[PDB]
Amino acid sequence: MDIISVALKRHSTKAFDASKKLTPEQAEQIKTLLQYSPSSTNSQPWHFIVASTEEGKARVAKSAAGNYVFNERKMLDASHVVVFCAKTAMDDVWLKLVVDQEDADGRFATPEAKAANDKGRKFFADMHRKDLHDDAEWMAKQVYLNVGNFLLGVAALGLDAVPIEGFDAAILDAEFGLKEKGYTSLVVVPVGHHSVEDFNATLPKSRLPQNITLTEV
Amino acid sequence: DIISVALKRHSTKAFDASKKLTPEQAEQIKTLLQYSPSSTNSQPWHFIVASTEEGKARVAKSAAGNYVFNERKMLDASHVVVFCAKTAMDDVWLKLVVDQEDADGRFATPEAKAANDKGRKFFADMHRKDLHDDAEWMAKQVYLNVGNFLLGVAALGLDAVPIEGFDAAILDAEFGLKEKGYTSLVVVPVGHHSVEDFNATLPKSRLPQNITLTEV
Ligand SMILES: Cc1cc2nc3c(=O)[nH]c(=O)nc-3n(C[C@H](O)[C@H](O)[C@H](O)COP(=O)(O)O)c2cc1C
Ligand SMILES: Cc1cc2nc3c(=O)[nH]c(=O)nc-3n(C[C@H](O)[C@H](O)[C@H](O)COP(=O)(O)O)c2cc1C
Ligand SMILES: O=C(O)c1cccnc1
Ligand SMILES: O=C(O)c1cccnc1
């Protein structure tokens with residue numbers, strides 16, 4: 001199906017059917033989407049928690065407390081639930097892991113080619129960590145980009161999903177000990193098939209007119 | 001099919017200046033920009049689509065300094081999209097959004113519309129008043145739009161490259177964004193790669209899932 005039709009027809013699912021699970025093939029496909037998203041300098045400043053078991057989804061759902069109880073059932077009824085996490089700080093060890101992996105994958109023709117890439121990555125990494133002091137935000141933006149790629153991708157797979165910011169990140173981070181591991185949760189994305197209670201499945205989509213948001217030059 | 005698109009796309013390093021988007025594609029990329037999801041459907045963004053040589057020139061002025069390596073990508077691509085985010089979430093915009101949702105018929109009653117507005121303001125206030133991370137929150141939504149865009153244009157059979165290597169202060173001034181209430185975050189040239197695109201034939205590389213992903 002044409003990608004624009006996918007974009008115009010997908011929606012944020014409000015209720016999922018707990019008896020409908022992803023096929024083993026789709027389960028593998030969503031992980032592929034997560035891994036291959038692009039990122040600034042191929043920095044991949046992220047970690048993903050994919051909850052597919054009843055106990056796993058229950059642990060994530062704990063973060064939907066208080067003013068967020070409305071998002072709890074979404075996390076519990078979906079087939080799979082993805083927690084998008086961003087590193088809390090950019091360290092040289094990670095920078096080395098990335099360029100060594102690119103080297104292992106065969107992207108460099110010579111040693112100086114690898115040296116240049118690393119020097120380049122380091123340059124922009126330091127601009128954010130040392131000059132602007134905003135590497136935390138910088139990395140989080142990369143995670144949000146991944147989320148955007150993911151939502152369109154799952155929709156193109158014929159699966160329902162919903163992006164969720166309505167959860168307590170302090171609770172979720174603690175539930176999985178993310179802080180001490182060097183990460184923090186940003187977005188939760190339940191994936192599966194919608195249920196009869198998905199009131200948003202029949203409502204028309206709505207966006208501002210391009211005459212407001214877009215300028216052609 | 002979408003997985004193949006994801007694995008085959010790549011960041012284009014050089015574009016063929018004589019290859020332009022078809023009229024249809026040029027309209028399709030705008031639809032992609034408009035229809036991206038966003039928290040509370042806040043749509044805290046603005047897009048500049050440069051397709052003329054004069055326009056692309058204006059945007060390319062931001063690729064100076066140690067960013068000159070990105071200048072040619074901006075001049076040779078068929079179309080160049082500048083992704084901008086609001087600098088502050090104002091009540092007028094919140095009203096604009098709910099009014100549009102109303103016009104689009106998403107509300108069965110005035111109460112439902114009020115409930116929707118109340119809910120949106122709760123999270124808008126949480127960022128604007130409680131956390132003071134208003135600007136970052138909106139910027140994040142813009143990056144989500146970019147992610148949606150890159151996959152989408154690839155699915156359309158178009159080449160592109162996301163670019164952070166540019167001077168935002170310079171770009172903002174060239175288009176007088178600061179005064180209009182916006183700021184540039186990422187530039188995305190779109191078109192078709194040239195034989196000079198060395199990245200078109202290099203293997204793609206990503207960290208292993210055994211390090212980045214945990215199954216529970
Ligand atoms: C980052 C992000 C966070 C959001 N949070 C939630 C949430 O916590 N609960 C919910 O039901 N929908 C949530 N949404 C869904 C939006 O309200 C939705 O994307 C928007 O109204 C546009 O509708 P659509 O996704 O159906 O096109 C969020 C969207 C994004 C992109
Ligand atoms: C937000 C963002 C900013 C980036 N900036 C630039 C840039 O300024 N110049 C460039 O040539 N590539 C740029 N990159 C491309 C990356 O190096 C690239 O996405 C990544 O190495 C993985 O490559 P792939 O896109 O070919 O899969 C950017 C990527 C993202 C997502
Ligand atoms: O990925 C890159 O090559 C890159 C990212 C940001 C700024 N300059 C270059
Ligand atoms: O878009 C929503 O409905 C939303 C966004 C953030 C938190 N709670 C709800």
Side-chain angles (χ1 to χ4, degrees), chain A residues 12 14 35-45 64 67-71 74 98-99 101-102 105 107 116-117 120-125 127-128 138-139 141-146 148-149 162-168 187-188 200, chain B residues 6-15 37-43 62-63 65-74 83 97 101 115-116 118-127 137 139-147 149-151 154 159-167 185-189 193 197-207:
Chain A
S12 284
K14 302 294 175 177
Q35 168 176 42
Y36 285 88
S37 165
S39 58
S40 187
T41 72
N42 200 24
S43 62
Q44 310 167 70
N67 292 309
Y68 308 124
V69 54
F70 66 113
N71 285 325
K74 296 169 187 163
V98 174
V99 66
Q101 177 63 52
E102 283 208 357
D105 282 325
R107 286 179 66 76
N117 188 78
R121 183 171 300 92
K122 200 74 56 56
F123 178 95
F124 298 95
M127 183 170 90
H128 286 99
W138 180 53
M139 300 188 286
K141 286 173 175 171
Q142 309 310 308
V143 174
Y144 267 78
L145 188 156
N146 195 314
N149 178 268
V162 59
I164 299 176
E165 249 176 19
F167 70 99
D168 192 316
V187 183
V188 179
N200 198 39
Chain B
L7 294 167
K8 294 175 135 298
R9 62 154 293 289
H10 77 284
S11 288
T12 293
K13 299 298 180 186
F15 298 79
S38 61
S39 182
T40 70
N41 198 27
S42 50
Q43 306 161 261
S62 62
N66 301 300
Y67 300 134
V68 65
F69 70 108
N70 288 319
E71 177 178 56
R72 258 273 162 278
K73 295 163 187 161
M74 298 184 204
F83 286 80
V97 175
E101 287 204 354
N116 181 273
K118 177 182 186 297
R120 182 172 298 95
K121 292 177 180 296
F122 173 81
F123 295 105
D125 286 325
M126 182 178 287
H127 294 290
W137 179 50
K140 281 171 171 177
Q141 312 305 314
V142 174
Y143 267 75
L144 188 153
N145 192 313
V146 173
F149 192 72
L150 297 175
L151 215 204
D159 279 316
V161 56
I163 297 170
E164 258 179 9
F166 72 100
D167 197 311
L185 291 173
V186 36
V187 178
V188 182
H193 72 280
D197 178 14
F198 62 77
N199 199 43
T201 62
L202 285 179
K204 187 168 297 302
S205 172
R206 293 295 189 280
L207 270 12

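So that the names make sense, note that chain A is the first sequence line, chain B the second, and so on, each numbered from 1. Indexing begins at 1, ligand by ligand and atom by atom, following the structure's order.
- Proximity of a side-chain donor or acceptor of B:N70 to a complementary backbone N or O of B:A63 within less than 3.5 Å is not detected.
- Between the A:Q142 side chain and the A:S43 main chain, no donor and acceptor come within less than 3.5 Å of each other.
- Of the options B:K73, B:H10, A:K141, the smallest heavy-atom separation from atom 11 (O) of ligand 2 is shown by B:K73.
- Shortest contact from atom 12 (N) of ligand 2 to any protein heavy atom: B:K13 NZ, 3.5 Å.
- Counting heavy atoms only, B:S11 comes closest to atom 25 (O) of ligand 2 of the residues B:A200, B:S11, B:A6.
- Neither the backbone nor the side chain of A:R121 comes within contact range of ligand 2; no heavy atom lies under 4.0 Å.
- Annotation: side chain of B:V142 is not in contact with side chain of A:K141 (no heavy-atom distance under 4.5 Å).
- Nearest protein neighbour of atom 30 (C) of ligand 2, counting heavy atoms only, is A:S40 N, 3.4 Å.
- Atom CZ of B:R72 has 12 or fewer neighbouring heavy atoms from other residues, nucleotides or ligands inside a 6.0 Å radius.
- The protein heavy atom nearest to atom 20 (C) of ligand 2 is A:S39 O, 3.6 Å.
- Of all atoms in ligand 2, numbered sequentially from 1 with element shown, those under 4.0 Å from a heavy atom of A:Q142 are 1 (C).
- Taking any N or O of B:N70, backbone or side chain, at least one lies under 3.5 Å from an N or O belonging to ligand 2.
- Residues A:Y36 and A:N149 fail the side-chain proximity criterion, which asks for heavy atoms closer than 4.5 Å.
- Between the side chains of A:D105 and B:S205, at least one donor N or O lies within less than 3.5 Å of an accepting N or O.
- There is no side-chain donor-acceptor pair under 3.5 Å between A:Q44 and A:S39.
- When the options B:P162, B:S205, B:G147, B:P189 are ranked by their closest heavy atom to atom 14 (N) of ligand 2, first place goes to B:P162.
- Residues satisfying the side chain to side chain contact (heavy atoms under 4.5 Å, CB included) criterion with B:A115, sequence neighbours excluded, are absent altogether.
- B:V186 does not count as a contact of ligand 2, since none of its heavy atoms falls under 4.0 Å from the ligand.
- Annotation: B:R206 places an N or O atom under 3.5 Å from an N or O atom of ligand 2; distance criterion only.
- Side-chain N/O atoms of B:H193 and B:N199 include no donor and acceptor closer than 3.5 Å.
- Of all protein heavy atoms, the one closest to atom 8 (O) of ligand 2 is B:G165 N, 3.0 Å.
- A centroid separation of 6.0 Å or more is found between the aromatic rings of B:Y143 and B:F83.
- Judged by the shortest distance from any of its heavy atoms, B:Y143 lies inside the 4.0 Å radius around the atoms of ligand 2.
- The single protein non-hydrogen atom nearest to atom 21 (O) of ligand 2 is A:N42 CB, 3.2 Å, given as residue, atom name and distance.
- For B:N199, every heavy-atom contact with ligand 2 shorter than 4.0 Å involves the side chain, none the backbone.
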Quick one: ligand 3 N/O to protein N/O pairs below 3.5 Å?
unit_1: ligand 3; atom_1: 1 (O); unit_2: A:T41; atom_2: N; d: 2.8

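- For atom 1 (C) of ligand 2, the closest heavy atom belonging to the protein is B:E164 OE2, 3.4 Å.
- With contacts defined as side-chain heavy-atom distances shorter than 4.5 Å, the pair A:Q101/B:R206 does not qualify.
- Under the 4.5 Å side-chain criterion, counting only non-hydrogen atoms from C-beta, B:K73 is not in contact with B:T12.
- Closest heavy-atom contact between B:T40 and B:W137: OG1-CH2, 4.3 Å.
- In B:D125, the CG atom is crowded: over 12 heavy atoms of neighbouring residues, nucleotides or ligands sit closer than 6.0 Å.
- Salt bridge status for A:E102 with B:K204: absent, with no side-chain N to carboxylate O gap under 4.0 Å.
- At least one heavy atom of B:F69 lies less than 4.0 angstrom from ligand 2.
- If you look at A:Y36 next to ligand 2, there are no close heavy atoms at all, none under 4.0 Å.
- Counting atoms of ligand 2 from 1 in the listed order, those under 4.0 Å from a heavy atom of A:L145 are 31 (C).
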